[PDB]
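In the order they appear, the protein sequences are chains L and H.
PDB author numbering puts the first sequence at residues 1 to 213.
PDB author numbering puts the second sequence at residues 1 to 221.
Report on one structure; see the data block that follows.
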Amino acid sequence: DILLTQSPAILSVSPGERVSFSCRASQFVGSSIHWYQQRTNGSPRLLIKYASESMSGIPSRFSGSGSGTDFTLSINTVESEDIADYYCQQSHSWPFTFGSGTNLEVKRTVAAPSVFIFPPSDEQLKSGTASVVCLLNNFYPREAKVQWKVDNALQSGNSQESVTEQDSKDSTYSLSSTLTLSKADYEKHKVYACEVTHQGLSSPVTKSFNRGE
Amino acid sequence: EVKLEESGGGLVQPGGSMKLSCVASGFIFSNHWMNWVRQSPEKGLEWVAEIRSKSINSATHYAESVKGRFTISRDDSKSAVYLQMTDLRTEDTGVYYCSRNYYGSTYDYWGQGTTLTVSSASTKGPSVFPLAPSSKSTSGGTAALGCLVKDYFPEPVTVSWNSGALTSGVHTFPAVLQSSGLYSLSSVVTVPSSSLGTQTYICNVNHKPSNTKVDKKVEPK
Ligand SMILES: OC[C@@H](O)[C@@H](O)CO
């Protein structure tokens with residue numbers, strides 16, 4: 001079987017720059033390399049067939065080239081909407097095989113997160129559990145630090161975080177941190193605080209509430 | 001408009017069976033080759049099976065890793081292609097896409113995928129709690145609200161807002177596997193703070209393996 005090596009796996013470029021994705025085949029594949037775009041939560045969409053023929057409706061900034069074993073997908077001026085994974089595929093010989101994909105990140109100016117906190121719902125509390133959620137919305141770059149304090153005691157091992165993939169409309173990330181406690185431990189404390197640090201904040205941001213207010 | 005629509009994914013025990021279906025429209029189905037291509041974090045995109053036209057004996061071809069276990073078939077009167085999977089393994093977990101290949105070249109049309117999970121664990125439907133907006137989730141003219149979708153198995157759940165009429169500002173977070181073995185996620189939307197208490201916000205949570213379909217009205221606190 002033919003191996004398609006896509007390296008590097010991550011590309012990070014600024015808007016308006018040209019970017020090139022590399023696909024190298026372990027054997028001659030002629031010109032039978034096809035390129036696909038897969039956006040977050042989406043299906044692969046065919047972009048270029050046979051190395052350099054762009055499909056109808058693909059924006060003109062996309063183009064491909066190459067023959068033999070070495071192939072390139074170019075985006076001559078990249079925009080945030082181009083954020084996705086890009087896969088190559090060979091149909092020179094059976095079975096057809098795909099590359100591992102290269103992810104495209106499009107850089108932007110630093111954006112501090114908006115920070116929001118949510119107390120547990122009355123419904124969940126009636127079930128014996130308290131989840132407290134802290135939302136860090138629409139920030140860049142990806143790195144952010146979230147710390148839970150309960151009556152100023154730093155918390156550990158009772159929270160989980162989830163980060164979205166980079167947004168193709170505005171190049172930002174978002175993050176949720178969920179602190180989960182038993183209703184009993186929730187009711188033994190008063191102040192529930194979320195503390196956020198990020199490149200875009202001049203000092204840590206704290207969002208908090210007093211239980212039962 | 002070509003459309004491909006998969007269904008039938010879900011949870012199955014190791015060694016078990018499951019049949020996926022796909023219905024096609026927008027091209028002459030009986031002339032074209034229908035494929036299943038699966039995707040997983042470990043293996044990436046992986047061709048699974050192809051069935052070609054009745055005119056050339058409906059010839060079926062399988063990836064070596066599913067040969068003998070999977071059977072692909074088609075019904076041209078229904079514009080349907082099927083994948084019967086047996087002796088399923090943990091490593092068969094993934095998203096299964098229905099796809100057309102143009103006579104041995106490009107996969108030029110893809111469905112939206114259907115998710116298969118091969119696991120000994122049981123199906124559990126989610127509980128849905130509001131993430132209620134308040135001053136604590138207001139930042140200038142932006143307020144945030146959402147839904148906490150907790151303690152379900154397997155993946156996936158879909159969340160929409162106001163039956164899909166609300167898409168701007170929505171973030172549905174990747175699920176996290178809790179220590180319990182159950183998944184959990186939040187879906188949030190940011191809205192103008194002036195619209196709190198004057199506009200209705202309902203998250204529509206769907207978890208097909210447990211036939212949960214829940215609409216949750218999220219009200220200010
Ligand atoms: O979802 C956008 C939010 O920031 C509003 O304030 C704009 O209408």
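Note that CB positions come from ideal geometry on N, CA and C, so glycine has one too.
task: State the Cα-Cα distance for the pair residue 21 of chain L and residue 63 of chain L, rounded to the nearest angstrom.
output: Roughly 11 Å separates the two Cα atoms.
field: From L:17, L:161, L:143 and L:90, residue whose alpha carbon lies closest to that of residue 111 of chain L
entry: Ranking L:17, L:161, L:143 and L:90 by CA distance to the CA of residue 111 of chain L puts L:143 first.
- prompt: Counting only beta-carbon atoms, is residue 132 of chain H nearer than 8 Å to chain L?
  reply: Interface residue, yes.
- prompt: Taking Cβ positions, are residue 164 of chain L and residue 61 of chain H nearer each other than 8 Å?
  reply: The answer is no: Cβ separation not under 8 Å.
query: Alpha carbon to alpha carbon, how far is residue 75 of chain H from residue 33 of chain H?
result: In this structure, the alpha-carbon of residue 75 of chain H lies about 12 Å from that of residue 33 of chain H.
query: chain L partners of residue 190 of chain H, CB-CB under 7 Å?
result: Per Cβ cutoff of 7 Å: 137.
query: Sorry if obvious, but does the Cβ on residue 146 of chain H come closer than 7 Å to a heavy atom of ligand 1?
result: Every heavy atom of ligand 1 is 7 Å or more from the Cβ of residue 146 of chain H, so no.
message: Am I right that residue 178 of chain L and residue 133 of chain L are in contact with their C-beta atoms under 8 Å? What's the rounded C-beta distance?
response: About 5 Å; that satisfies the 8 Å criterion.
message: Looking at residue 216 of chain H: is its Cβ nearer than 8 Å to the Cβ of residue 205 of chain H?
response: Cβ distance < 8 Å, so residue 216 of chain H and residue 205 of chain H count as in contact.
message: If distances are taken between C-alpha atoms only, which option among L:67, L:12 and L:140 comes closest to residue 170 of chain L?
response: Answer by Cα proximity: L:140.
- prompt: So which residues of chain H does residue 83 of chain L contact, with C-beta pairs closer than 8 Å?
  reply: For residue 83 of chain L, no chain H residue has a Cβ inside 8 Å of its Cβ, as the nearest lies near 15 Å away.
- request: Return the chain-ordered ranges of every beta strand (DSSP E) run that is complete within the segment 141-167 of chain L and spans a minimum of 3 residues.
  value: As far as the segment 141-167 of chain L is concerned, its whole beta strand (DSSP E) runs of at least 3 residues are 144-150 and 159-163.
- request: Pick out the complete beta strand (DSSP E) segments inside the segment 155-205 of chain H, 3 residues or longer, and give them in chain order.
  value: Runs found: 158-161, 170-172 and 183-192.
query: Mind pulling the beta strand (DSSP E) runs of 3 or more residues that sit fully within the segment 116-140 of chain L?
result: 129-139, all fully within the segment 116-140 of chain L.
Alpha-carbon spacing of residue 2 of chain H relative to residue 220 of chain H, whole angstroms: The alpha-carbon atoms of residue 2 of chain H and residue 220 of chain H are separated by roughly 43 Å.
query: Taking residue 199 of chain L as the reference, which of L:192, L:27 and L:136 has the closest Cα?
result: Taking the Cα of residue 199 of chain L as reference, the smallest distance to any Cα among L:192, L:27 and L:136 is reached at L:136.
task: Whole angstroms is fine: what's the gap from residue 152 of chain L's alpha carbon to residue 189 of chain H's?
output: Approximately 29 Å, taken between the alpha carbons.
- request: Could you say which of H:116, H:59, H:79 and H:83 lies nearest to residue 243 of chain H if we only look at CA atoms?
  value: In the structure as shown, chain H starts at 1 and stops at 221, and residue 243 of chain H therefore has no counterpart that could be examined.
query: Ends of the alpha helix (DSSP H) at residue 184 of chain L?
result: 183-187 is the span of the alpha helix (DSSP H), which, as asked, contains residue 184 of chain L.
task: In the DSSP assignment, find the unbroken beta strand (DSSP E) run with residue 71 of chain L in it and report its ends.
output: It spans 70-75 - the beta strand (DSSP E) in which residue 71 of chain L sits, taken as one unbroken run.
- prompt: Which residue's Cα is closest to the Cα of residue 213 of chain H: H:194, H:152, H:68 and H:77?
  reply: Its Cα nearest to that of residue 213 of chain H, the residue H:152 stands out among H:194, H:152, H:68 and H:77.
- prompt: With distances taken from CA atoms, which of H:138, H:193, H:9 and H:135 is nearest residue 97 of chain H?
  reply: Minimum Cα distance to residue 97 of chain H is reached at H:9.
message: Quick check: is any heavy atom of ligand 2 less than 7 Å from the C-beta of residue 190 of chain H?
response: With respect to ligand 2, the structure shown offers nothing to examine, as its ligands consist of ligand 1.
task: Output yes or no for whether 8 Å exceeds the beta carbon distance between residue 210 of chain L and residue 191 of chain L.
output: Yes.
message: Determine whether the beta carbon atoms of residue 184 of chain H and residue 175 of chain H lie at a separation below 8 Å.
response: Yes; because the gap between Cβ atoms is below 8 Å, this pair is in contact.
- request: Under 8 Å Cβ to Cβ from residue 202 of chain H, same chain only, skipping five residues before and after it: list those, please.
  value: Closer than 8 Å at the Cβ level, and outside the excluded window around residue 202 of chain H, lie 161, 162, 163, 215, 216, 217 and 218.
message: Any beta carbon of chain H sitting closer than 8 Å to that of residue 155 of chain L?
response: Residue 155 of chain L does not count as touching chain H.
- prompt: Under the rule that 16 or more other beta-carbon atoms within 10 Å means buried, what is residue 136 of chain H, buried or exposed?
  reply: It is buried - the Cβ of residue 136 of chain H has at least 16 other Cβ atoms within 10 Å.
field: Closer than 7 Å: residue 138 of chain H CB and nearest ligand 1 heavy atom
entry: Because no heavy atom of ligand 1 lies under 7 Å away, the Cβ of residue 138 of chain H does not count as near it: no.
- request: Go through its chain and collect everything with a Cβ distance to residue 45 of chain H's Cβ below 7 Å, but skip five positions before and after it.
  value: For residue 45 of chain H, same chain residues with a beta-carbon under 7 Å away, outside a window of 5 residues either side, are 37 and 39 in chain order.
- request: With residue 71 of chain H as the anchor, note down where its beta strand (DSSP E) starts and where it stops.
  value: Following the DSSP letters along the chain, one finds residue 71 of chain H inside the beta strand (DSSP E) bounded by residues 70-75.
- prompt: Beta-carbon separation of residue 51 of chain H and residue 23 of chain H under 8 Å?
  reply: The Cβ atoms of residue 51 of chain H and residue 23 of chain H do not sit closer than 8 Å to each other.
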